[PDB]
Amino acid sequence: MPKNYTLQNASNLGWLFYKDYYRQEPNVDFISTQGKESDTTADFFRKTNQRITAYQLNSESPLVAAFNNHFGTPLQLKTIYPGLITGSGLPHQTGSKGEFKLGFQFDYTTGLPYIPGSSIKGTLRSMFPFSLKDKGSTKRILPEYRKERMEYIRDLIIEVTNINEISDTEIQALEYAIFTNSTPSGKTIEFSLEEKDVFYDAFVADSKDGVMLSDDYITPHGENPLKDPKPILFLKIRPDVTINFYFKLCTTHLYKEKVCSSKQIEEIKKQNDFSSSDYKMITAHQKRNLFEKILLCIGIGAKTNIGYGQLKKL
Amino acid sequence: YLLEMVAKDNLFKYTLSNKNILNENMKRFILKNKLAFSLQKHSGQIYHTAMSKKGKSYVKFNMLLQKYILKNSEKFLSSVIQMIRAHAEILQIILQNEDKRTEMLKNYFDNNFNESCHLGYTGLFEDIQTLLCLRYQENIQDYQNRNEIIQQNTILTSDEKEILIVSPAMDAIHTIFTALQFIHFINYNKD
Amino acid sequence: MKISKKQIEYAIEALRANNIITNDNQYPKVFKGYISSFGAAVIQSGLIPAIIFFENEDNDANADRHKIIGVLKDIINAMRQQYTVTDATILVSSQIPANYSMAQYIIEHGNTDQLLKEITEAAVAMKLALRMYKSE
Amino acid sequence: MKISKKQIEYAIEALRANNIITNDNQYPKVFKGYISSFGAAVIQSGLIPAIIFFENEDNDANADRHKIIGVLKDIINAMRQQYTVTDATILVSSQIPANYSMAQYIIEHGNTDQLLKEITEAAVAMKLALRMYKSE
Amino acid sequence: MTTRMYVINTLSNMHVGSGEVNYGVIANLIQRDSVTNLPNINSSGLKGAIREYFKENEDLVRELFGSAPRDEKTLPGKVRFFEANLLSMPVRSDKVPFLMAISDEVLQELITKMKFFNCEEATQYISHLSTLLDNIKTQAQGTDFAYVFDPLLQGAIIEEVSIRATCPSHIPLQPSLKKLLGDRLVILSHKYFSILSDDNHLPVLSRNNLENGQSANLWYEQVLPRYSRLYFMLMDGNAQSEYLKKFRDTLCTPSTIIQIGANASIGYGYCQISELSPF
Amino acid sequence: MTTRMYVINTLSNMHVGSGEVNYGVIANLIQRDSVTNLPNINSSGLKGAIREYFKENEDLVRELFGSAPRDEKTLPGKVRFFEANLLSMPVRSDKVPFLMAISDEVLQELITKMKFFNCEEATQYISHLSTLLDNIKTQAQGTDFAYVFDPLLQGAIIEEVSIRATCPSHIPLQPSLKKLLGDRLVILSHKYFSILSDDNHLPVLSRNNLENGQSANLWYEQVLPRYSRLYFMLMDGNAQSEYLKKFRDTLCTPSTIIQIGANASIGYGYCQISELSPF
């Protein structure tokens with residue numbers, strides 16, 4: 001019900017978008033071909049879309065406060081205006097006019113728009129060199145891919161932490177420890193429970209003075225420039241919206257070219273043979289800085305090559 | 001009984017002499033220089049095998065017993081014992097495959113016991129494989145023509161043929177199984 | 001959920017009847033994606049939206065996309081044909097009219113769970129039956 | 001379900017026949033998972049869906065997953081041979097034609113109890129016989 | 001001091017994957033109870049997750065959960081973990097974002113379990129839950145129902161247009177029952193709850209695998225919705241009082257979050273465990 | 001007085017291993033009856049579990065179950081424990097969460113066992129069970145049947161065997177028969193029950209072992225569904241009346257729960273034991 005999405009007086013956004021969206025009213029038709037194109041159906045879907053994009057989120061919202069309590073301190077970023085699109089491939093269309101033809105990612109329980117942690121993990125890993133599997137259809141792309149990603153991640157690591165030199169093996173071990181929580185060659189490392197990188201679900205945290213959802217058009221003009229283009233309507237997260245990124249990251253210890261846990265690294269330090277030139281460390285703060293720089297560089301969501309889901313610092 | 005009718009192959013000679021077959025062709029198949037032993041645990045379970053003291057199988061057997069029996073520090077796996085018993089038919093197929101017998105035995109012992117704990121018992125597995133292959137080779141050399149000619153015999157009853165025909169591969173499997181069980185029986189204390 | 005062999009037989013017969021499997025036991029490659037998309041739409045959006053989307057014939061798609069809805073109706077009719085008198089008192093055993101719009105049939109009969117279960121059964125049967133054939 | 005040595009030899013011959021084991025006694029590593037997962041698919045999804053899934057040749061699998069269905073058919077056919085033919089025997093000692101796919105045969109011949117038992121035992125023999133070779 | 005009831009409050013989505021090959025839409029389904037077909041956490045998975053949380057304290061894990069799989073000696077586990085059966089499931093509405101959905105049969109199962117297992121504070125809970133159940137049955141008179149205990153939540157659509165809520169102004173919902181079952185509580189008929197909790201209505205999440213920005217795979221995952229409540233029974237064996245007290249204090253603190261199920265690295269299945277509060 | 005029937009009401013999922021190498025999907029299989037191939041508990045397991053419950057009362061176990069395995073003197077047990085045969089099993093339904101399934105052949109076996117052993121309250125139970133079975137045979141007329149005795153359960157479906165239970169209005173279900181055979185009781189043919197109780201329809205659960213987050217093993221366990229009912233005979237020898245009375249009182253107390261089977265630390269096989277009630 002109107003603005004200020006709260007746990008007390010508000011309809012579930014996912015329920016409105018997916019379940020209540022295609023509800024049958026006494027005098028609304030979208031089964032026959034005439035009904036889908038009629039202005040009665042357009043008005044029905046316009047009212048539904050207004051209800052969807054008539055909700056605000058306060059900064060001190062109890063939902064976001066609960067998220068902060070559960071998932072630790074958030075990494076807050078802002079939305080540029082292409083908007084932000086997540087879950088675009090979900091099936092949501094009937095062939096009608098004025099309806100949202102693209103899917104959207106809504107949390108089931110809360111209804112707040114969110115980015116699943118899997119999307120964050122994949123986007124962050126995509127700029128790491130070992131995000132591509134050998135397979136055999138990758139063989140040609142694999143050498144160049146790893147090279148450019150190695151250079152990019154090397155400059156990022158030298159930027160964010162006080163390490164003046166890193167190697168390809170060290171980058172491999174760091175990436176595998178961060179994402180797979182293992183070693184590049186299979187076998188695992190005896191990590192502590194705390195020493196584990198978790199990528200929670202990014203959530204909408206603050207729609208300052210406006211709504212959080214907007215409606216946008218992509219109009220693919222066909223390969224025949226003499227035929228009529230297709231207006232496609234979808235739902236986007238509004239620009240200048242605070243998206244909270246929640247992570248559970250640890251400190252990574254790299255001695256020589258291998259990743260070490262804290263228990264192993266204590267004994268390695270206490271050994272009579274040691275080399276500060278071989279012991280590298282990436283603090284959880286520097287890990288968060290690295291992830292923030294990656295997110296600023298590439299962004300999150302769908303249609304990111306078109307620009308959707310790019311961020312600045314808040 | 002073990003010394004006479006098993007170790008000295010007097011079952012073969014006695015059974016053939018009772019029916020007046022004997023003759024020089026069968027007498028040349030009489031085998032000697034064998035060790036026969038049985039272990040009756042307090043329950044009624046017999047572990048009985050026989051092996052030739054000529055050739056390398058006996059020395060490999062003795063070295064295995066010296067190796068995996070604890071003193072008063074190579075480690076022994078007890079689950080290989082039940083693999084030998086349960087997978088005896090599969091081991092028979094692998095042994096009878098002449099061309100790739102060693103390779104197939106190694107592959108079988110690797111595909112089974114393919115877990116992390118089994119990397120410390122690679123010495124036991126390969127010792128078992130070599131001893132089994134040697135035992136099968138000696139078994140076939142000693143028994144193949146004997147079994148073939150016993151099968152063709154025209155007056156032997158099926159009961160006598162069955163108690164006289166020794167399968168070359170299953171006897172080797174049983175010998176390895178009994179050796180392993182003797183090692184386990186020596187090693188394991190009721191504590 | 002376990003798809004019966006009878007359901008697969010009905011799916012095969014319906015695929016052959018609504019000219020999807022050719023006389024050479026081959027089908028257009030896009031129908032597998034059609035059926036997967038229909039299942040995803042049914043679980044995500046609902047029965048009415050998915051059936052309305054795939055019942056359309058003015059769609060400019062690469063193939064006759066309403067054929068899967070026809071096959072759905074044929075499978076459901078065959079399923080309802082073998083209903084027992086014990087089932088007929090609880091379930092709607094009536095044969096769905098051929099000319100009748102499937103979405104209109106669902107809407108006029110409410111949104112009962114029976115139709116949803118039948119649609120899901122028939123969709124999975126269509127998926128498996130299509131997997132049984134070759135895609136040229 | 002004790003180890004049946006004759007079925008193990010059948011599995012060896014069928015694995016060599018359907019181009020799974022190379023001339024050097026090695027096989028693609030993914031086939032191990034195929035054999036292991038076929039039994040679970042049969043138990044918890046149904047025999048027909050599992051066969052259809054593993055018989056498909058339009059799959060995005062790392063190897064030719066449909067070879068295991070051919071090996072299964074070869075083992076089953078070998079078991080149909082050496083069946084004691086008598087008036088009282090339940091088992092049908094009729095060989096599966098090569099032109100028929102395995103999914104069709106169980107569909108057309110609706111006595112699944114024999115087929116289910118034979119397929120389960122043949123899959124167990126498959127998994128036990130695959131261990132004689134190198135897992136490359 | 002022996003048998004205790006713990007409520008699992010899931011801070012995120014939970015996927016306790018069953019070993020199941022579904023050839024329909026949902027590739028990965030969640031575990032369902034062998035009897036009531038409701039979502040549940042198998043006792044083995046719950047024990048493994050809780051043991052993983054306490055892995056640092058070697059003594060506590062050894063005394064309460066048992067010995068490690070790779071050990072020369074094996075030590076029987078002392079504490080008994082029972083499977084976590086579903087108690088409350090959030091359901092999307094139009095008047096409110098989500099209500100806590102319970103069924104009359106779920107309440108009957110809870111009363112039966114409390115009677116059989118003799119939880120610590122079971123007597124008053126059993127009495128009031130029973131009284132609520134007879135009141136609900138008296139009002140319903142056999143027909144399907146959706147009963148809310150706030151007059152503001154009247155006519156609410158419980159995830160389906162067919163299921164509309166009504167407020168029976170004769171059944172009091174005690175504050176402790178509200179704490180146990182959830183804030184915005186709706187009690188549904190078994191038909192309605194089974195419709196809402198079946199494989200066609202549980203929340204599904206879509207995932208794909210990209211190779212250099214191009215999709216290689218695509219599959220759908222079934223998850224138990226966020227803030228869902230599941231109850232499981234804990235039996236103290238002959239365990240030491242000190243380790244048991246440490247375990248309970250760590251388990252029931254507000255700062256303890258335990259990961260149960262799959263997809264730990266992407267945030268699935270982070271839970272808070274709360275002991276049954278006195279009535 | 002010698003022979004009494006005890007009914008086992010499982011509160012959890014029970015797993016009584018058979019020690020059989022399956023080499024197939026389900027490595028761990030549950031024990032089954034020698035003749036009827038129905039799930040059962042061997043009397044050795046029953047005796048061991050009940051002895052373990054009473055291990056604190058050393059005098060009682062020495063008098064009734066006998067001497068401990070390591071004891072210089074040997075004392076034969078006085079109480080005779082008979083194998084627990086499946087009586088009724090929970091089957092998934094739609095109208096109700098589950099039904100209590102029993103076959104006519106299971107009922108015939110129960111009648112035969114009561115006739116042979118002459119349980120304490122055998123006469124009335126045999127009479128009413130025989131009347132029920134004769135009425136069922138008259139109504140069915142040799143066909144496949146599924147009969148429920150509440151009119152509200154008419155048309156209830158059995159999920160594994162896609163049949164719907166009919167309501168024969170001519171046959172009454174006496175309340176003591178309801179207390180013995182279970183509430184929401186459905187009686188069906190031997191074919192239906194055999195399909196419902198085979199290895200492919202019993203609950204099979206997937207389990208694995210994780211080492212630093214990596215799966216080390218993978219196996220499948222089948223279980224007997226929770227709320228299943230089993231019956232077994234208890235014959236007393238020349239047992240002392242004092243210890244026998246204490247045994248019966250402690251065994252049939254509603255506060256008494258006995259763990260029979262495996263996976264005790266994950267709450268498998270917890271059961272309640274109750275006597276044959278007077279008819």
# chains A, B, ... in the order shown; residues from 1 in each chain; ligands from 1

$ residues_around --residues "residue 138 in chain B" --least-positions-apart "4" --cutoff "8 Å" --atoms "only C-alpha atoms" --output "PyMOL selection string"
chain B and resi 52+55+57+134+142

$ calpha_fit_rmsd --fixed "chain C" --moving "chain D"
1.3 Å

$ residues_around --residues "range 28-32 of chain E" --least-positions-apart "4" --cutoff "6 Å" --atoms "only C-alpha atoms" --output "ChimeraX atom specification"
/E:15-18,37-40,221-222

$ residues_around --residues "range 9-26 of chain D" --least-positions-apart "2" --cutoff "8 Å" --atoms "only C-alpha atoms" --output "ChimeraX atom specification"
/B:93 /D:5-7,28,67,70-72,74-75,78,122,125-126,129-130,133-136

$ closest_residue --among "A:246, A:67, A:81, A:279" --to "residue 163 in chain A" --atoms "only C-alpha atoms"
A:279

$ interface_residues --of "chain C" --to "chain F" --cutoff "9 Å" --atoms "only C-alpha atoms" --output "list in words"
residues 84, 86, 87, 89 and 90 of chain C

$ closest_atom_pairs --of "chain E" --to "chain A" --cutoff "9 Å" --atoms "only C-alpha atoms" --output "Markdown table"
| residue | atom | partner | partner_atom | distance |
| --- | --- | --- | --- | --- |
| E:11 | CA | A:70 | CA | 7.0 |
| E:12 | CA | A:201 | CA | 8.6 |
| E:13 | CA | A:108 | CA | 8.9 |
| E:52 | CA | A:193 | CA | 7.6 |
| E:53 | CA | A:193 | CA | 6.9 |
| E:54 | CA | A:193 | CA | 8.8 |
| E:55 | CA | A:193 | CA | 7.9 |
| E:56 | CA | A:192 | CA | 7.6 |
| E:90 | CA | A:109 | CA | 6.0 |
| E:91 | CA | A:109 | CA | 7.2 |
| E:92 | CA | A:12 | CA | 5.9 |
| E:93 | CA | A:12 | CA | 6.1 |
| E:94 | CA | A:11 | CA | 4.3 |
| E:95 | CA | A:11 | CA | 5.5 |
| E:96 | CA | A:10 | CA | 5.2 |
| E:97 | CA | A:12 | CA | 4.3 |
| E:98 | CA | A:109 | CA | 6.1 |
| E:99 | CA | A:109 | CA | 8.9 |
| E:159 | CA | A:15 | CA | 7.3 |
| E:160 | CA | A:19 | CA | 7.9 |
| E:161 | CA | A:20 | CA | 8.4 |
| E:203 | CA | A:108 | CA | 6.6 |
| E:205 | CA | A:105 | CA | 8.8 |
| E:206 | CA | A:90 | CA | 7.4 |
| E:207 | CA | A:118 | CA | 8.0 |
| E:209 | CA | A:122 | CA | 8.5 |
| E:210 | CA | A:122 | CA | 8.3 |
| E:211 | CA | A:132 | CA | 6.0 |
| E:212 | CA | A:132 | CA | 6.7 |
| E:213 | CA | A:126 | CA | 8.0 |
| E:225 | CA | A:109 | CA | 6.0 |
| E:226 | CA | A:109 | CA | 5.5 |
| E:227 | CA | A:109 | CA | 7.1 |
| E:228 | CA | A:109 | CA | 8.7 |
| E:255 | CA | A:70 | CA | 8.3 |
| E:257 | CA | A:70 | CA | 8.1 |
| E:263 | CA | A:118 | CA | 8.7 |
| E:264 | CA | A:198 | CA | 7.0 |
| E:265 | CA | A:198 | CA | 4.5 |
| E:266 | CA | A:117 | CA | 4.6 |
| E:267 | CA | A:200 | CA | 4.5 |
| E:268 | CA | A:200 | CA | 8.1 |

$ interface_residues --of "chain A" --to "chain C" --cutoff "9 Å" --atoms "only C-alpha atoms" --output "ChimeraX atom specification"
/A:17-19,21-24,30-33,90-96

$ write_last_selection --atoms "N, CA and C atoms" --output "short mmCIF file (atom, residue, chain, number, x, y, z; two decimals), in the first residue's frame"
data_model
loop_
_atom_site.label_atom_id
_atom_site.label_comp_id
_atom_site.auth_asym_id
_atom_site.auth_seq_id
_atom_site.Cartn_x
_atom_site.Cartn_y
_atom_site.Cartn_z
N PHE A 17 4.39 -8.95 -8.53
CA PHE A 17 5.02 -9.00 -9.84
C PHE A 17 4.77 -10.32 -10.56
N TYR A 18 4.68 -11.43 -9.84
CA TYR A 18 4.57 -12.75 -10.46
C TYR A 18 3.22 -13.41 -10.28
N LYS A 19 2.61 -13.32 -9.10
CA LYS A 19 1.36 -14.02 -8.81
C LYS A 19 0.14 -13.15 -9.09
N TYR A 21 0.07 -10.43 -10.66
CA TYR A 21 0.19 -9.70 -11.91
C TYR A 21 -0.85 -10.14 -12.92
N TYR A 22 -0.92 -11.44 -13.19
CA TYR A 22 -1.85 -11.98 -14.18
C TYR A 22 -3.07 -12.56 -13.47
N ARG A 23 -3.80 -11.68 -12.80
CA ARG A 23 -5.05 -12.04 -12.15
C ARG A 23 -6.20 -11.73 -13.08
N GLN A 24 -7.26 -12.52 -12.98
CA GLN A 24 -8.40 -12.38 -13.88
C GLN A 24 -9.48 -11.55 -13.20
N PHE A 30 -7.03 -11.09 -21.61
CA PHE A 30 -5.74 -11.23 -22.27
C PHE A 30 -5.51 -12.66 -22.73
N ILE A 31 -6.59 -13.38 -23.02
CA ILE A 31 -6.50 -14.71 -23.62
C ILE A 31 -6.57 -14.63 -25.14
N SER A 32 -7.60 -13.97 -25.66
CA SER A 32 -7.74 -13.80 -27.09
C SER A 32 -6.77 -12.75 -27.61
N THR A 33 -6.53 -12.77 -28.92
CA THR A 33 -5.60 -11.83 -29.52
C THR A 33 -6.10 -10.39 -29.42
N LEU A 90 14.19 -14.79 -16.14
CA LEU A 90 13.05 -15.49 -15.58
C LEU A 90 11.84 -15.34 -16.49
N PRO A 91 11.03 -16.38 -16.64
CA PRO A 91 9.89 -16.30 -17.56
C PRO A 91 8.75 -15.46 -17.01
N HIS A 92 8.51 -14.31 -17.62
CA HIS A 92 7.40 -13.44 -17.21
C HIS A 92 6.91 -12.71 -18.46
N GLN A 93 5.91 -13.30 -19.13
CA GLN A 93 5.25 -12.67 -20.26
C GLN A 93 4.09 -13.54 -20.71
N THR A 94 3.06 -12.89 -21.23
CA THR A 94 1.93 -13.58 -21.83
C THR A 94 1.67 -13.18 -23.28
N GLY A 95 2.38 -12.19 -23.80
CA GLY A 95 2.07 -11.62 -25.08
C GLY A 95 1.18 -10.40 -25.04
N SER A 96 0.97 -9.80 -23.87
CA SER A 96 0.07 -8.68 -23.71
C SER A 96 0.81 -7.35 -23.86
#

$ closest_residue --among "F:247, F:220, F:23, F:116" --to "chain B" --atoms "only C-alpha atoms"
F:23

$ closest_atom_pairs --of "chain B" --to "chain D" --cutoff "9 Å" --atoms "only C-alpha atoms" --output "JSON lines"
{"residue": "B:86", "atom": "CA", "partner": "D:3", "partner_atom": "CA", "distance": 8.0}
{"residue": "B:87", "atom": "CA", "partner": "D:3", "partner_atom": "CA", "distance": 7.6}
{"residue": "B:89", "atom": "CA", "partner": "D:5", "partner_atom": "CA", "distance": 5.8}
{"residue": "B:90", "atom": "CA", "partner": "D:5", "partner_atom": "CA", "distance": 6.6}
{"residue": "B:93", "atom": "CA", "partner": "D:9", "partner_atom": "CA", "distance": 7.8}
{"residue": "B:94", "atom": "CA", "partner": "D:132", "partner_atom": "CA", "distance": 7.6}
{"residue": "B:100", "atom": "CA", "partner": "D:25", "partner_atom": "CA", "distance": 8.3}
{"residue": "B:103", "atom": "CA", "partner": "D:133", "partner_atom": "CA", "distance": 8.0}
{"residue": "B:104", "atom": "CA", "partner": "D:132", "partner_atom": "CA", "distance": 5.1}
{"residue": "B:105", "atom": "CA", "partner": "D:132", "partner_atom": "CA", "distance": 7.0}
{"residue": "B:106", "atom": "CA", "partner": "D:132", "partner_atom": "CA", "distance": 8.1}
{"residue": "B:107", "atom": "CA", "partner": "D:132", "partner_atom": "CA", "distance": 5.3}
{"residue": "B:108", "atom": "CA", "partner": "D:132", "partner_atom": "CA", "distance": 4.6}
{"residue": "B:109", "atom": "CA", "partner": "D:132", "partner_atom": "CA", "distance": 8.4}
{"residue": "B:110", "atom": "CA", "partner": "D:131", "partner_atom": "CA", "distance": 8.2}
{"residue": "B:111", "atom": "CA", "partner": "D:131", "partner_atom": "CA", "distance": 5.4}
{"residue": "B:112", "atom": "CA", "partner": "D:131", "partner_atom": "CA", "distance": 7.2}

$ write_last_selection --atoms "N, CA and C atoms" --output "mmCIF file, in the first residue's frame"
data_model
loop_
_atom_site.group_PDB
_atom_site.id
_atom_site.type_symbol
_atom_site.label_atom_id
_atom_site.label_comp_id
_atom_site.auth_asym_id
_atom_site.auth_seq_id
_atom_site.Cartn_x
_atom_site.Cartn_y
_atom_site.Cartn_z
ATOM 1 N N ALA B 86 34.842 -61.494 -1.124
ATOM 2 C CA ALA B 86 33.623 -61.111 -1.830
ATOM 3 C C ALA B 86 33.851 -61.003 -3.332
ATOM 4 N N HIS B 87 34.993 -60.457 -3.745
ATOM 5 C CA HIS B 87 35.295 -60.253 -5.155
ATOM 6 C C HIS B 87 36.115 -61.396 -5.743
ATOM 7 N N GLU B 89 35.238 -64.022 -7.533
ATOM 8 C CA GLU B 89 34.904 -64.337 -8.920
ATOM 9 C C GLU B 89 35.500 -63.311 -9.880
ATOM 10 N N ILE B 90 35.420 -62.030 -9.519
ATOM 11 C CA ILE B 90 36.007 -60.980 -10.341
ATOM 12 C C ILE B 90 37.522 -61.137 -10.409
ATOM 13 N N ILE B 93 38.282 -63.816 -12.896
ATOM 14 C CA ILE B 93 38.248 -63.310 -14.268
ATOM 15 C C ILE B 93 39.531 -62.548 -14.587
ATOM 16 N N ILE B 94 39.959 -61.681 -13.667
ATOM 17 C CA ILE B 94 41.159 -60.878 -13.894
ATOM 18 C C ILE B 94 42.385 -61.770 -14.042
ATOM 19 N N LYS B 100 46.616 -58.965 -19.978
ATOM 20 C CA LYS B 100 46.638 -57.763 -19.153
ATOM 21 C C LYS B 100 46.340 -58.081 -17.692
ATOM 22 N N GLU B 103 48.098 -55.565 -15.131
ATOM 23 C CA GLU B 103 47.465 -54.260 -15.277
ATOM 24 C C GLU B 103 46.046 -54.271 -14.728
ATOM 25 N N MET B 104 45.276 -55.314 -15.047
ATOM 26 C CA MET B 104 43.897 -55.394 -14.576
ATOM 27 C C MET B 104 43.840 -55.562 -13.064
ATOM 28 N N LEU B 105 44.767 -56.337 -12.495
ATOM 29 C CA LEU B 105 44.820 -56.489 -11.045
ATOM 30 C C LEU B 105 45.127 -55.164 -10.363
ATOM 31 N N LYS B 106 46.107 -54.423 -10.886
ATOM 32 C CA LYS B 106 46.427 -53.124 -10.307
ATOM 33 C C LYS B 106 45.251 -52.165 -10.430
ATOM 34 N N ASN B 107 44.590 -52.156 -11.589
ATOM 35 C CA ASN B 107 43.444 -51.274 -11.783
ATOM 36 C C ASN B 107 42.305 -51.630 -10.839
ATOM 37 N N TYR B 108 42.055 -52.924 -10.634
ATOM 38 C CA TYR B 108 40.997 -53.330 -9.717
ATOM 39 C C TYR B 108 41.326 -52.937 -8.284
ATOM 40 N N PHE B 109 42.563 -53.179 -7.847
ATOM 41 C CA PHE B 109 42.939 -52.820 -6.486
ATOM 42 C C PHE B 109 43.036 -51.313 -6.282
ATOM 43 N N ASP B 110 43.167 -50.537 -7.358
ATOM 44 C CA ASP B 110 43.161 -49.083 -7.254
ATOM 45 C C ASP B 110 41.754 -48.497 -7.296
ATOM 46 N N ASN B 111 40.882 -49.038 -8.152
ATOM 47 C CA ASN B 111 39.519 -48.526 -8.265
ATOM 48 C C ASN B 111 38.716 -48.836 -7.011
ATOM 49 N N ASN B 112 38.805 -50.066 -6.521
ATOM 50 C CA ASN B 112 38.463 -50.317 -5.133
ATOM 51 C C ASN B 112 39.575 -49.760 -4.256
#

$ interface_residues --of "chain E" --to "chain B" --cutoff "12 Å" --atoms "only C-alpha atoms" --output "list in words"
residues 69, 70, 71, 72 and 73 of chain E

$ write_last_selection --atoms "N, CA, C and O atoms" --output "tab-separated table (two decimals), in the first residue's frame"
chain	number	residue	atom	x	y	z
E	69	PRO	N	35.53	-39.27	11.55
E	69	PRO	CA	35.51	-40.48	10.70
E	69	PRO	C	36.86	-41.17	10.60
E	69	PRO	O	36.92	-42.41	10.59
E	70	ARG	N	37.95	-40.41	10.54
E	70	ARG	CA	39.29	-40.96	10.44
E	70	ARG	C	39.93	-40.93	11.83
E	70	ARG	O	40.59	-39.97	12.20
E	71	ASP	N	39.71	-42.00	12.59
E	71	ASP	CA	40.26	-42.13	13.93
E	71	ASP	C	40.45	-43.60	14.25
E	71	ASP	O	39.64	-44.44	13.86
E	72	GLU	N	41.55	-43.91	14.95
E	72	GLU	CA	41.81	-45.29	15.33
E	72	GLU	C	40.76	-45.80	16.31
E	72	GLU	O	40.31	-46.95	16.21
E	73	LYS	N	40.34	-44.97	17.25
E	73	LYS	CA	39.22	-45.29	18.11
E	73	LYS	C	37.98	-44.52	17.65
E	73	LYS	O	38.07	-43.40	17.15

$ closest_atom_pairs --of "chain E" --to "chain F" --cutoff "7 Å" --atoms "only C-alpha atoms" --output "JSON lines"
{"residue": "E:18", "atom": "CA", "partner": "F:206", "partner_atom": "CA", "distance": 6.8}
{"residue": "E:19", "atom": "CA", "partner": "F:206", "partner_atom": "CA", "distance": 5.3}
{"residue": "E:34", "atom": "CA", "partner": "F:203", "partner_atom": "CA", "distance": 6.0}
{"residue": "E:35", "atom": "CA", "partner": "F:225", "partner_atom": "CA", "distance": 6.3}
{"residue": "E:36", "atom": "CA", "partner": "F:97", "partner_atom": "CA", "distance": 5.2}
{"residue": "E:43", "atom": "CA", "partner": "F:266", "partner_atom": "CA", "distance": 5.1}
{"residue": "E:44", "atom": "CA", "partner": "F:266", "partner_atom": "CA", "distance": 5.8}
{"residue": "E:77", "atom": "CA", "partner": "F:265", "partner_atom": "CA", "distance": 5.6}
{"residue": "E:78", "atom": "CA", "partner": "F:265", "partner_atom": "CA", "distance": 6.9}
{"residue": "E:79", "atom": "CA", "partner": "F:265", "partner_atom": "CA", "distance": 6.3}
{"residue": "E:80", "atom": "CA", "partner": "F:265", "partner_atom": "CA", "distance": 4.4}
{"residue": "E:81", "atom": "CA", "partner": "F:266", "partner_atom": "CA", "distance": 4.7}
{"residue": "E:82", "atom": "CA", "partner": "F:267", "partner_atom": "CA", "distance": 4.9}
{"residue": "E:191", "atom": "CA", "partner": "F:95", "partner_atom": "CA", "distance": 6.9}

$ select_by_dssp --residues "range 3-145 of chain E" --states "helix (DSSP H, G or I)" --output "PyMOL selection string"
chain E and resi 43-53+58-64+104-117+122-140

$ residues_around --residues "range 250-253 of chain E" --least-positions-apart "2" --cutoff "12 Å" --atoms "only C-alpha atoms" --output "ChimeraX atom specification"
/E:5-9,49-51,53-54,57,60,234,243-248,255-258,271-277

$ write_last_selection --atoms "C-alpha atoms" --output "compact mmCIF listing (two decimals), in the first residue's frame"
# COMPACT_ATOMS: atom_id res chain seq x y z
CA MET E 5 12.92 -28.38 21.59
CA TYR E 6 14.88 -25.92 19.45
CA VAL E 7 13.41 -23.60 16.82
CA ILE E 8 15.49 -22.95 13.70
CA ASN E 9 15.04 -19.40 12.41
CA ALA E 49 26.38 -28.59 10.44
CA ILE E 50 26.37 -28.13 14.22
CA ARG E 51 29.54 -30.24 14.54
CA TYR E 53 30.36 -24.98 13.86
CA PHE E 54 31.97 -26.41 17.02
CA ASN E 57 36.55 -27.04 20.43
CA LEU E 60 33.30 -30.46 23.11
CA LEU E 234 17.75 -32.49 21.26
CA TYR E 243 30.32 -29.29 27.85
CA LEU E 244 26.53 -29.42 27.57
CA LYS E 245 26.21 -25.97 29.14
CA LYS E 246 28.89 -24.56 26.84
CA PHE E 247 27.16 -26.09 23.82
CA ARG E 248 23.75 -24.71 24.80
CA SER E 255 25.50 -13.77 17.73
CA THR E 256 25.63 -17.45 16.68
CA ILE E 257 24.70 -18.22 13.07
CA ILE E 258 25.00 -21.79 11.77
CA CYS E 271 20.18 -20.12 10.71
CA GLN E 272 19.67 -18.99 14.29
CA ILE E 273 18.80 -21.66 16.86
CA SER E 274 16.59 -20.68 19.80
CA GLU E 275 15.64 -22.79 22.80
CA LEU E 276 12.00 -23.23 23.77
CA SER E 277 11.19 -20.26 25.99
